[PDB]
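Q: Before I ask anything, here's the sequence and the deposited coordinates:
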Amino acid sequence: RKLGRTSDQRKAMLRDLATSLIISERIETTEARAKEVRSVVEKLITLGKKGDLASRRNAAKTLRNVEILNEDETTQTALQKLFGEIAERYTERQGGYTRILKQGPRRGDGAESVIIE
Amino acid sequence: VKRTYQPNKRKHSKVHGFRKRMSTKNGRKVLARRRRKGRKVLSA
Amino acid sequence: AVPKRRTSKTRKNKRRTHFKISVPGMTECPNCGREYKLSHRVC
Amino acid sequence: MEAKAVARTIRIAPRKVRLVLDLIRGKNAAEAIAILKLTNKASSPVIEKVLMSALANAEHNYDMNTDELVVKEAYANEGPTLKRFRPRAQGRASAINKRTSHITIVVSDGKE
RNA sequence: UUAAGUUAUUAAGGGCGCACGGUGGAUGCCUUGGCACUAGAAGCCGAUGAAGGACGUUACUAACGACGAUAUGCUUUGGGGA
RNA sequence: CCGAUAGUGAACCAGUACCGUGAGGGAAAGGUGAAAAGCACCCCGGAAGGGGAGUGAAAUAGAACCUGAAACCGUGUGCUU
RNA sequence: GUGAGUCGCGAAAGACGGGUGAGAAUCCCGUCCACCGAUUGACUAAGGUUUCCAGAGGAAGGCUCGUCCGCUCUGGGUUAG
RNA sequence: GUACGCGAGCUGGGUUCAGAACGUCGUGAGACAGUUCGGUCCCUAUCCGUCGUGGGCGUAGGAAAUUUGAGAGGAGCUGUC
RNA sequence: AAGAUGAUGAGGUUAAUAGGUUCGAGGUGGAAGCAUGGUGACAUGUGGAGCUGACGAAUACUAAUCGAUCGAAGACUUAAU
């Protein structure tokens, strides 16, 4: 548990973050947002290794209905690729990816800053 | 609120203008006083 | 509410003994010959 | 010997800078570069430009080496005062006093 | 080693004095402009369109001044002489 | 009689800038140097700015330019705390 | 000068990526998310009088920053039986 | 008792305001031994004090634990069967 | 387990400090999907199902790195010795 903003803005933030990080597989943020999204996305890959209907029906509860992709003149909506490409990598492995890098500070806000993967 | 001085060129081109001033003795006197000092501007 | 009096030069300075900032802790890189913070990254 | 380098009427107040000076008033050069370059402050990078200049001319004109060099004295002094206003309730006003600074750094080998 | 007793060192920081910078623009010196007066002169202009103004004119002109579509001045007569 | 907070209200683009609807009220603001000879060229930096260099008798006279006090602000230190 | 590095920084949902750049929480493009929707939408008149466009700048303002701007420079733009 | 304890801690019903009215006195403006409905309560806490919580130094070598008690404070009610 | 900060406390790879994982407690009350029966809305079986914030054991899978700083060498006098 932790608070960044008000309630709605919080979860929609998170949905945009895990919906992010997956087109480009690494971002840069404040440190805290990286921690709560750490929790979330780890729950996602642990979910994503089953492959059920119901797993899709549960994963869609945070991902965005639409996020177009183009990598090799192709198309993926962050969910096709999740349940075809992502869990495939970490089949052998337990949930518990998503290191954190204390990248550096920031100038305008004095903010701490990171990247996560 | 309604602040005062809701402006309008017509009333200002009028009463505080020229032809009034130069259509009354008083206004003529006024323009004189505004001359003996030396003022770049009249009717304002 | 307000002060009554001119804060002097002295207690103005005594009030500020703890206005400092602790310098960062640093560490030379592992074979890049320059300092940066602890448990942070070099950039 | 000695060497120096100056900025003049740069747009920061003294105090906020005066701190970042008292970090390094005494220490060796490159250690001081490290000390400035990291601290999460707007007063830092400017000063690194200053010091870096002091090294440029200390090598060019006076033929020194960077090793034996330290910061024996560095300081800041007041410059002019940009006087401005903020509006305020009931017609009054309360005038900002924007300030400046004349930063001064003096390298020395200490030797002859 | 043991007891009893006394004393200091410390300066985060400040104080007193000395030196060196910085701000800011007093003082000192100067004067382009003013003050009050003397002697003398003069003491009104205007339908033959005033005083005052606007707008415009210089190769480059935003303004001041000069000037008025012959416009940053034309002709004349006197003086001067680069 | 004044010599720049005086004298004009005004030594300078002043009844202006500005405030007011409008009659009207109304400011502050001088000095490089003998001469502009007003810092070529080099280094740092994005520039600003600085240090060198030189001109000049002098630049701690370099244009926010004669002198340059005090308040106030710092730097360092001999005695002390 | 103190107060004081204090009070405040003038309603509101933003996040990520990529670029430019000396340097980006704030600039441009893209993507999603959210907000108004008898209205923060659109055409006019009063009123203001060049703010308009493009290219360059970022000392001043902009209650932060700033590669940007209603700011600065240069040029250009308003056609009626 | 302590500013008839406490309004830079609260309230404002009363009360020493502007309105209006009743009885009354006054020729009148208006006023009361009186009466009645309504009637804006500002303040970013400097020093002392207080509540709490921390840095420095000293306690004759430098540290981790444990603890005595000089002193101080708090508690102190009462019923029924 | 503390808490405004700092402080305090558990921990820092010779490691279970936090996160995640798998299990579990408790909470919630029968998931989706399938099939059946109903024209139908609906119910029945799959099935105390499935989901689950802070809670609790094992799990180094991830991150707690590397590094740097501070910090005594024991005064004198007298009496025992």
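A: Sure thing, it's come through. Residues are numbered from 1 along each chain as shown, chains lettered A, B, ... in the order given.

Q: So which residues of chain D form helices?
A: D:14-24, D:29-38, D:43-60 (DSSP state H).

Q: which one's the longest helix in the chain?
A: Chain wasn't specified; assuming chain A. If you go by DSSP H, chain A has its longest helix at helix A:31-48.

Q: The chain in question should be chain B.
A: Criterion DSSP H: the longest helix present in chain B is helix B:25-36.

Q: For chain B, give the residue positioned nearest to RNA strand H.
A: residue B:1 (17.2 Å; C-beta to the nearest atom of the strand). Any C-beta I mention is one placed from the backbone N, CA and C, and that applies to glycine too.

Q: how near is that residue to residue A:110?
A: 42 Å (C-beta to C-beta, to the nearest Å).

Q: where along chain A do the strands fall?
A: With strands called from DSSP state E, chain A shows them at A:100-105, A:112-116.

Q: The longest one pairs with which strands, parallel or anti?
A: Yep, that's strand A:100-105 we're talking about. strand A:112-116 (antiparallel) (DSSP bridges).

Q: quick one: contacts of the strand it pairs with?
A: A:21, A:26-31, A:34, A:37-38, A:98-106 (C-beta atoms under 8 Å, 6 or more residues apart in numbering or on different chains).

Q: same check, this time on stretch A:70-83
A: A:19, A:22-23, A:44, A:48, A:51, A:55-56, A:59-60, A:63-64, A:66-69.

Q: closest to residue D:51 among these?
A: residue A:23 (43.2 Å; C-beta to C-beta).

Q: these two touch, right, that closest one and residue A:68?
A: No: using C-beta atoms under 8 Å, residue A:23 is not in contact with residue A:68, being 9.1 Å away.

Q: neighbour-wise, which of the two wins?
A: residue A:23 (14 against 9; other C-beta atoms under 10 Å in any protein chain shown).

Q: Got phi/psi on the more buried one?
A: phi -70, psi -50 (degrees, to the nearest 10).

Q: hey, C-alpha coordinates of the longest helix of chain B in CSV?
A: The C-alpha trace of helix B:25-36 is given here as CSV (Å, rounded to 0.1, in the frame of the first residue of the first chain):
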residue,chain,number,x,y,z
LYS,B,25,-16.5,80.6,-23.7
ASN,B,26,-15.6,78.4,-20.7
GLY,B,27,-14.1,75.7,-22.9
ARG,B,28,-12.1,78.3,-24.9
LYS,B,29,-10.7,79.4,-21.6
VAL,B,30,-9.9,75.8,-20.7
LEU,B,31,-7.9,75.3,-23.8
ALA,B,32,-6.1,78.5,-23.1
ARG,B,33,-5.0,77.2,-19.7
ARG,B,34,-3.9,74.0,-21.4
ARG,B,35,-1.7,76.0,-23.8
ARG,B,36,0.1,78.5,-21.5
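
Q: Now do it: which elements does it pack against?
A: Of the remaining helices and strands, none touches helix B:25-36 by 3 or more C-beta pairs under 8 Å, 6 or more residues apart in numbering or on different chains; DSSP states H and E.

Q: any residue of that helix up close to RNA strand E?
A: Yes: using C-beta under 7 Å from any atom of the strand, helix B:25-36 reaches RNA strand E at residue B:35.

Q: what's in contact with that helix?
A: By C-beta under 8 Å, 6+ apart, the residues outside helix B:25-36 that reach it are B:20, B:21, B:22, B:42.

Q: right, is that helix up against RNA strand F?
A: Yes: contact check for helix B:25-36 against RNA strand F, using C-beta under 7 Å from any atom of the strand: residues in range are B:30, B:33, B:34.

Q: What are the buried residues along that helix?
A: Buried positions in helix B:25-36, judged by neighbour count with 16 or more other C-beta atoms under 10 Å in any protein chain shown: residue B:27.

Q: which residues sit in contact with the closest residue to residue D:17 other than its chain neighbours?
A: Leaving aside its chain neighbours, residue D:17 sits nearest to residue D:43 (4.5 Å; criterion: C-beta to C-beta, 6 or more residues apart in numbering or on different chains). Contacts for residue D:43 (C-beta under 8 Å, 6+ apart) come out as D:12, D:16, D:17, D:19, D:20.

Q: can you check residue D:33 too?
A: The neighbourhood of residue D:33, defined by C-beta under 8 Å, 6+ apart, consists of D:48, D:51, D:52.

Q: Most proximal residue of chain C with respect to RNA strand F?
A: For chain C, the residue closest to RNA strand F is residue C:9, as judged by C-beta to the nearest atom of the strand, at 4.7 Å.

Q: Distance-wise, check that residue relative to chain D.
A: Using C-beta to the nearest C-beta, to the nearest Å, one gets 15 Å for the distance from residue C:9 to chain D.
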